[PDB]
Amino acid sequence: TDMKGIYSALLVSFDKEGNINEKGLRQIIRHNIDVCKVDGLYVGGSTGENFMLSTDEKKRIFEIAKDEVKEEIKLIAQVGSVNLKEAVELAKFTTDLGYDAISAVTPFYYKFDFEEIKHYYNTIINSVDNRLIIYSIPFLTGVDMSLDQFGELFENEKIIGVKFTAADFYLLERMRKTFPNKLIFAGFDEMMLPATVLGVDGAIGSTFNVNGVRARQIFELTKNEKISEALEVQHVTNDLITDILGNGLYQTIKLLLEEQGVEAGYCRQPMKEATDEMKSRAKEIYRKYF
């Protein structure tokens, strides 16, 4: 299965108490497929509040996602964790469920050296019959890998690509050039245009859950070299993203989904419950960009 394309980092629906709302999650999934029209879903990423969940909850979410989606769009399961044993168990679980590929965030919290990071990745991919995408998000994990390091990880053919969520376009350009046979996904929605001209094979974002169409326009207009048109879309998109970040990223994307009849619900505590100011602000944003 060719993985190129646009992927929504799947949001998960929780009730006020933090319980997973399967009905809501299924709606979010449906919205992404029928309304946002994304090529696939990225399940278990930062966007899905993955790290605030128990392993059994992670498995439930992977199950629901695969069940609702079936074979319509593609699926990438993020199974990274500070607990390698958990990451290995989740790789087998999602590989069995039929996920088209798996992804793993660089191990964090503790300060592992590269040798250890490599051991981590190889142990994950070498345990299942699947393909792995390296999840690199430096501003959260604090881990920054060089070009040669990525080269070492790529030694393994089962490691097919990387999700580049860093503002280093010099490194991105070097990656594109040094690894022509590897997939590179843009991780910053507000920087989709400059990333696409550097040759990314797709994008994985949290805002795609509601701004999927514009996202595809930017990506497509650019690939067709209608830059001035692409920049204009990126402009509106960034006006949208700016209000979202200003009003609380996750709460707001969910409130924007609610406005569309999707029961995206709450975020897991300690992520604040949306205030009245936030809800009213989220309503305005919907009126202005949708």
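Residues carry their position along the shown sequence, with the first being 1.
Novice: Per the PDB record, is the mean Cα temperature factor higher over 142-150 or over 90-98?
Specialist: Per the deposited B-factors, the answer is 142-150.
Novice: Mean CA B-factor: is it higher for 46-54 or for 66-74?
Specialist: Stretch with the greater average CA B-factor: 66-74.
Novice: Which one of 245, 227, 253, 61 shows the biggest C-alpha B-factor in the PDB entry?
Specialist: Of 245, 227, 253, 61, 227 has the highest C-alpha B-factor.
Novice: Of the three thirds of its chain by CA temperature factor, lowest, middle or highest, which one includes residue 278?
Specialist: According to the entry, residue 278 has a C-alpha B-factor in the chain's highest third.
Novice: Quick check on the deposited entry: does the C-alpha B-factor of residue 190 sit in the lowest, middle or highest third of its chain?
Specialist: Residue 190: CA B-factor falls in the middle third of its chain.
Novice: If you rank the chain by CA B-factor, which third does residue 41 end up in: lowest, middle or highest?
Specialist: It belongs to the lowest third of the chain when residues are ordered by C-alpha B-factor.
Novice: Taking only the Cα B-factors deposited for this chain, tell me whether residue 170 sits in the lowest, middle or highest third.
Specialist: According to the entry, residue 170 has a C-alpha B-factor in the chain's lowest third.
Novice: Within this chain's modelled residues, let me know which third the CA B factor of residue 115 belongs to: lowest, middle or highest.
Specialist: As the PDB entry reports it, the C-alpha B-factor of residue 115 lands in the middle third of its chain.
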